[PDB]
Each structure stands twice: as C-alpha cells, then as structure tokens.
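Shown next, in structure tokens, is the structure this report addresses.
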Protein chains: 2
Amino acid sequence: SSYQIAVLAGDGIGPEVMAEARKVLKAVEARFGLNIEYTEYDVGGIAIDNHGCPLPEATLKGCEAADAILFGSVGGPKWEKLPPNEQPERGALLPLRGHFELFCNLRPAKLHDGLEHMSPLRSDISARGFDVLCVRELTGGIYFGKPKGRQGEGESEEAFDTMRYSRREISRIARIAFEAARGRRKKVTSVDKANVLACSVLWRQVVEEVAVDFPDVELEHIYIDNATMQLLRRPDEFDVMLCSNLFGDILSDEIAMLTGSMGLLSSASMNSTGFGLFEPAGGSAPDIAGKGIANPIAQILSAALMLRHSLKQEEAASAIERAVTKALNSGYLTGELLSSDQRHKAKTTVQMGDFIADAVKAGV
Amino acid sequence: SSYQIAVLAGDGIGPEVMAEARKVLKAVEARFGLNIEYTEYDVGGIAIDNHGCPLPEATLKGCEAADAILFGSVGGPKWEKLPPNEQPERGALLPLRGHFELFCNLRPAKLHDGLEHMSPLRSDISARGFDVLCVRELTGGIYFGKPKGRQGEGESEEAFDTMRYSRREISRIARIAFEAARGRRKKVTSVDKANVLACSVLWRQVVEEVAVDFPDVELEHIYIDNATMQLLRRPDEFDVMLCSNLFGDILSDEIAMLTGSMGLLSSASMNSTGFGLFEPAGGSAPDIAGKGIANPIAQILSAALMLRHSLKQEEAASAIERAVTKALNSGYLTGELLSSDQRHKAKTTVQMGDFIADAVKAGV
Ligand SMILES: CC(C)[C@H](C(=O)O)[C@@H](O)C(=O)O
Ligand SMILES: CC(C)[C@H](C(=O)O)[C@@H](O)C(=O)O
Ligand SMILES: [Ca+2]
Ligand SMILES: [Ca+2]
Ligand SMILES: [Cl-]
Ligand SMILES: [Cl-]
C-alpha cells in the first residue's frame, strides 16, 4: 500500500539538495495521492563520524525494509586519507550495490537547450547536442571479481583483481540497454576491450546473442579507448551505451562532463526486482556545502527516477521532470549553470526547490 | 657502429607514411653522418595475408636483430571479422610489447599553435592550450595478467582476466613518469582506481614510494573516471599522466583526441635496455590509404623518437622535429589539419615528406 523510502543523504551538498528533492516529493505526494513514508539513515562520512563505518548495519537494514533508496552523495576531504577500504564513497556504494544486487546502472546524459555554452565541447559540437544513455553493469566484472588482494613482500609483492563475467550477467545488462534503446533512438553501442580481455570477448559475444530478441535495435561494438575518443568528438552519434562495470564507470562520467551540466543529471541503480538506489550523477561537492548554492535538480530528478522505477509512479515521476524543465526555461538556474556575465541571476538551492515544488502543485 | 632498424609499416596508411619517415630519415642520416640500415618486415594484416599470422616468426627475429622498431599501423576492415586472438592490431602489438619487455609507453599530446580550432574542445579551453604526456605501463596489469580465459557453458559460462601488478613493475614505470615530469613542468598525476582495485591500491602506494627520489616533482593521484572528466574540462592542468596498462590505454587516446590533431602525434614504447617500438598515435586509417592524403608527420616524428631514444641520436631527432615545426608554420599542412574553408591549401603525404626532408637538408 504505502511506500517506504530509505533516505541516505550522506555528506557535503547531499542533505541540502535532498531537502529539495523531499520538498518536491511532498508536492508530488499531494497531487497524485501517494502515501510515501521516509526514514533518514547516515551513510558515507557522516556514518563514519556517527557510527564508525560508511555503511552502518542499521542503514543497511533500513534499506532492506525500503522500496527504494533515495541517495545523496558521499565523500569529503575529512575522510580523504583513510584506508581505501574504509573510505566513505566506495564504503557506501559498493556494498549497497552488492547487497541489493543493483546490477543495472542507468545514467542518461543530455545536452540541455540553452545550456550548450556550458558544455566543454567546441561550440559546433555542442550546438549539435546529444542524448546518451550509459547502461553500466554494476555488480560484477572487476569491482567484485575474486581473487582480489595481494601477496608477497618487497619488489615481488603483488596485488591483483580479477575481472569476471558470466553469460547470465552480461545478457541481463544487455537486455536493459536494448529495451532502453527501443524507447529512444534504437541503437545500442556496446563498449568493451575484446581485443585484449577474455571478459570482453564473452561480453561482445553475449550482447550479440541478446540482439536477436531486438531486430529493431541496431547494435555496434566499440573499444573503450575508441569510445572515449569518439564521445569527445561526436557525442551525437551515440544513443545507448552498454558497458561493463569498469568501462561504464569511465564512460558515464565522461559523457556527464561533456554535458557541461552535471547538476542536472541523475542515476538509477536497479536490481531485477524493482528495488533501486537513486542518486545524482555528480559528487558531494564539499567546497559548496551549507552555502545555499548547490543545484538540487540532480537530486530532485533522482527522486523522479525513484518514483518511476521503484514505486511504479510514472505520472508523479513525469510531473517532477516537467517542473524541472519549467524552471530551466523560466530563469530558475543555480549559479553553475550561468555564464559569468549572467551569474547575478543565480537562484539558491532553496529557491530552486520552491519553484519546482510550486510548479508540480500548479499542475505542470 | 651502424644501426639496424626493423621497419614494420603494416596496413592502411602505414606504408605511404613510412615512406615519408624514411625520406626524412635519409635527410637526417646524410646531415649527421649516421649509418642506419633498415629491413622491412610484414606485420598486422599484410602479415596475415603474406604469412598466415599478424606477427610472423621472421618479423619477430628481424626485430630481435634490430636496435629499434620503426612501426606504422595495423588493422583494417578486411581482418575485422577474425577471432579476436588472431586479429592484426592486438596480434602485432601485444606480442611485440611482451617479447621485448616494452613496459614503458610514452605519448605526448600537445595542442599546436594555430591548430586550436581543430581541437574538439570549446574555444576558450583550446585557447588555453595543453601539453600532456601519458606515461602508460605497457607489459603488465590486465593485458598480460593470468589467469585469463573462460570456463563453463551456458548461462554459467564465464570469462576472466586478472589485473596484476608487482611493486617492481609499478616503480619502474613511475620513475619514467617522474624523470619526464622533471624535464617538463614537474608534476606527475598518477591515475588509478584505488577505491576499487587492489592493484590500484598497490599502484598508488608504490608511486608514492618512488616520489621520495623526486622532491622537485609534485605528485597527485586521481581516479580514471575523474581523470577522464577533468581532461575534457581542464587539460592544461596536467603535465605528466602516469597510468597502468588499461587506464593509460584509455587516457592516451582521450588526450590525443582532445588535441584535434592526432596525425601530428607519436608514441615510444621502450624497454629498460634502450630498445623500443616507435609508432604514430593514430590508427591505420584504411579509408584514406593509397590516395596521397595521410598526414605523415606522426610517422616522421616516430622516426625522431626512434633516433633519440634507441639510437642515441638526439641531434638528428631534434632536426626532424624542427623540420616538422617548420612545415606547420610555413603552410605545409595536410587536409585534415585545415578548416573546411582552407582545405584547398592541402598538401599531400609526399609533399609533406619532401618539405620536411628538405628542411633537414637545409639545416633547420
Ligand atoms: C566511488 C566509486 C567506487 C564509484 C564507482 O567506481 O562505482 C564511483 O566512481 C561511481 O561512479 O559510482
Ligand atoms: C590494439 C590494442 C590491443 C592496443 C592496446 O590496447 O594496447 C591499442 O588500443 C593501443 O593503444 O596500442
Ligand atoms: Ca564514477
Ligand atoms: Ca589505445
Ligand atoms: Cl569490469
Ligand atoms: Cl591494467
């Protein structure tokens, strides 16, 4: 009946932008008659401060009792010296992905109208625009392969990670890419290193097996070094990019940065069962925390992804997305979206969330 | 006394641009009194056509008898359907790297004066310019880690690669990055995934050990997803980038493509003993082969790297490099370096090589 959401705002800008997401969710709950209940739990640096680890057992159990995770961001200079395997970012996100089998990471990156000038692309390339979905496999490959560790001492001491994929793992992520391409521009570009990696050979093989179920989707394969070049040059030629864990990590971020506007971008990590973790694409931005400056759009759109993907509340998801569009087209842009000669029009985080919740309320 | 060079021109544009490199080498041999002897050997697609494999035993022995490999490029649509582990590119380059212990890959990427407009960067970013050396570890990590293969059948069939580094391997590549930074702008940015990979943890550790020998070089560490974002945005803040095999593969290419002019860029792969493989950064470009269009500068500068690094002919190396500079600043640019309204000034491959050998002869 009534949904349960684990709210894991984390560090840096996380709590202030989460507050705006929740404000917009409040407008949406009222308009569509949704009963969503939320519990906040510490994660990342605040969980190390409050509890000794980045992912407290109680945060984890709070997530198991939820229909979805509304996730902020984690990490910060204060923990940026700890043992890698106790650090907040990887300490929160990987065990969360692993525990809940969040194998599928979706990060759509589009160049928004009017914001071309912010993209780091040459103006004729950004004028062409782009819209690229990164479908990234999230629970296997080299992130979670075993053996992983190190042996020896001295010069001969060595450390090792194993990159591993099974046909089952590749085909379930491929299907996601293919179904997504179907509702977009019907191209999957599968990104691998099949000239080098036994994993990438099986990857490329399996993805071709899956393509039989999609006669309407065009499939092409590309090496990750090649894909990263080609995205700087002609991002407009890609529709869906299907990648393994390590390659999609690189690619999702690259494409996000080519937008020039990461504060507008969000991410859905999902398991096969409808449960997911929804977060902004960009970091916790500790330099701007507590100052009313952070763009809450990324976090607000994470909430929209949460409603659509985990809560089956498509209408409520699209209302938020249209309220965001409304803001971007009505002079409601935070400072990092504005050119330096326009930066005086900058809206604060709270102003951004107020406007966007108001637009939902007004029936946008 | 007299040097011996294995000339492995390969496929596509390889032979035509190699011809220009050799023309320029002829001018240089005459001017500095160098006795270099060359033998040509098939590699890549022409070696599959002529001999059944991308790296004939006799090509390999020809390389063992040489002081250096002057390498063109390999690959082409004609072989672009073969078993990955028989394909020309990986079939030529990895066994060459492995056999001769070419652990160190150097690819400097600079934005040339007057060519800013070609870079895919937004004009204010390309106007800032950049000069980034990728130091990439070439003989270990995941390219050559074992175990590598696959087991099983059906859904549960899995393929695996092991990413492996020893302290010895990391420290010898780190030293190269550090010595290079010393003669540049004294910063090494070491690029890893230490939040995820046991290899990257040891990587980051060891590189910090090496930094003690270089109190004058600034060291920083960065994740590969982060490094790839930051290079699109502010390439000017990096001096030397120190990477493992898989990450440096991605990064070298990304940075090369950010120049907008890959046909000017070259690569040195070297072992500890002075022997190396010298090649252009860019592919074999089969669409433009045999038409007199390919930019030979990349291959001509590979020859210069060959002279400096393997042949201890610094003066001859710098003469070629100045002859190239002379061409770029005297209206001798091939078509892909020219804006479409200027493309009528385009010089052919042969014209490019003639000019550049003439400049060496003239005492540039
Ligand atoms: C913090 C890190 C482990 C994580 C990853 O590599 O998955 C991050 O880079 C991401 O994009 O979620
Ligand atoms: C062909 C391929 C195996 C090779 C590599 O990955 O090393 C290439 O991408 C490179 O940059 O040399
Ligand atoms: Ca990332
Ligand atoms: Ca490459
Ligand atoms: Cl992976
Ligand atoms: Cl590697």
Side-chain angles (χ1 to χ4, degrees), chain A residues 10 44 54 71 73-75 84-85 87-98 102 105 107 134 136-139 141-144 159-161 163 193 195-197 223-229 243-254 256 262 265 267 269 277 279-284, chain B residues 73 75 89-90 93-94 105 107 134 136-145 161-165 169-170 173 191-197 199-200 202-203 222-229 243-257 262 267 269 279 281-283:
Chain A
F71 192 107
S73 40
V74 285
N85 305 42
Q87 212 182 134
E89 303 94 328
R90 79 132 304 164
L93 290 159
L94 307 205
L96 280 173
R97 296 159 186 183
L102 302 185
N105 179 239
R107 318 222 331 221
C134 190
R136 157 189 181 204
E137 199 283 332
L138 206 56
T139 46
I142 208 178
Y143 280 45
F144 296 98
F160 42 89
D161 297 83
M163 185 187 276
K193 194 62 186 190
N195 43 4
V196 177
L197 303 180
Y223 305 125
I224 180 66
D225 54 322
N226 189 220
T228 137
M229 296 177 117
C243 323
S244 60
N245 216 331
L246 184 55
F247 306 144
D249 169 53
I250 297 162
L251 274 220
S252 48
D253 278 333
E254 171 186 17
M262 286 199 50
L265 302 185
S267 165
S269 303
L277 187 168
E279 70 198 310
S284 63
Chain B
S73 40
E89 303 94 328
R90 79 132 304 164
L93 290 159
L94 307 205
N105 179 239
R107 318 222 331 221
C134 190
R136 157 189 181 204
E137 199 283 332
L138 206 56
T139 46
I142 208 178
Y143 280 45
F144 296 98
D161 297 83
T162 306
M163 185 187 276
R164 210 172 266 292
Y165 274 111
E169 285 181 290
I170 300 146
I173 200 60
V191 175
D192 67 35
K193 194 62 186 190
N195 43 4
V196 177
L197 303 180
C199 271
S200 289
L202 180 66
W203 179 280
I222 201 173
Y223 305 125
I224 180 66
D225 54 322
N226 189 220
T228 137
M229 296 177 117
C243 323
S244 60
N245 216 331
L246 184 55
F247 306 144
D249 169 53
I250 297 162
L251 274 220
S252 48
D253 278 333
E254 171 186 17
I255 286 174
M257 184 85 107
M262 286 199 50
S267 165
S269 303
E279 70 198 310

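Chain identifiers are assigned alphabetically (A, B, ...) following the order of the sequence lines, protein sequences preceding nucleic acid strands; residue numbering begins at 1 within each chain. Indexing begins at 1, ligand by ligand and atom by atom, following the structure's order. Both backbone and side-chain heavy atoms feed into the values below; hydrogens, waters and symmetry mates do not.
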Mark up the atoms of ligand 1 that fall under 4.0 Å of a heavy atom belonging to [X], in ascending order.
{"X": "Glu89(A)", "value": "1 (C)"}
{"X": "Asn195(B)", "value": "1 (C), 2 (C), 3 (C)"}
{"X": "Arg136(A)", "value": "5 (C), 6 (O), 7 (O), 10 (C), 11 (O), 12 (O)"}
{"X": "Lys193(B)", "value": "5 (C), 6 (O), 9 (O)"}
{"X": "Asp249(A)", "value": "5 (C), 6 (O), 8 (C), 9 (O), 10 (C), 11 (O)"}
{"X": "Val196(B)", "value": "3 (C)"}

Going by heavy atoms, is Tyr143(A) under 4.0 Å from ligand 1? yes
For [Y], is there any backbone N or O sitting under 3.5 Å from a side-chain donor or acceptor partner on [X]?
{"X": "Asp161(A)", "Y": "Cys199(B)", "answer": "yes"}
{"X": "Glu279(A)", "Y": "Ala281(A)", "answer": "no"}
{"X": "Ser284(A)", "Y": "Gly75(A)", "answer": "yes"}

Please give me the minimum heavy-atom distance between [X] and [Y], naming the atom from each residue.
{"X": "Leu246(A)", "Y": "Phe247(B)", "answer": "CD2-CE2, 3.7 Å"}
{"X": "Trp203(B)", "Y": "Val191(B)", "answer": "NE1-O, 4.1 Å"}
{"X": "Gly140(B)", "Y": "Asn245(B)", "answer": "O-ND2, 3.1 Å"}

Will you find, in the side chains of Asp192(B) and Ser244(B), an N or O donor that is under 3.5 Å from an N or O acceptor? no
Examine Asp225(B) against ligand 1 and note whether any of their N/O atoms are separated by less than 3.5 Å. yes
Are any of the N/O atoms on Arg90(A), whether in the backbone or the side chain, positioned under 3.5 angstrom from an N/O atom of ligand 1?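 It does not: no N or O of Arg90(A) is found under 3.5 Å from an N or O of ligand 1.
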Atoms of the protein (N/O/S only) found under 3.0 Å from the Ca ion (ligand 4):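 Per the 3.0 Å query on the Ca ion (ligand 4), atoms found are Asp225(A) OD2, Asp249(B) OD1, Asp253(B) OD2.
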Among protein heavy atoms, which lies nearest atom 7 (O) of ligand 1, and at what distance?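 Closest protein heavy atom to atom 7 (O) of ligand 1: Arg97(A) NH1, 2.7 Å.
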Do [X] and [Y] have side chains that get closer than 4.5 Å, going by heavy atoms?
{"X": "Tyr143(B)", "Y": "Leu138(B)", "answer": "no"}
{"X": "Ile142(A)", "Y": "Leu197(B)", "answer": "yes"}
{"X": "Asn195(A)", "Y": "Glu89(B)", "answer": "no"}

Salt-bridge contact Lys193(A)-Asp249(B) (side-chain N to carboxylate O under 4.0 Å):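 Here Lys193(A) pairs with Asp249(B) in a salt bridge, since their nearest N and O are under 4.0 Å apart.
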Proximity to ligand 1 by part of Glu279(A), non-hydrogen separation under 4.0 Å: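 Neither; nothing of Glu279(A) gets under 4.0 Å from ligand 1.
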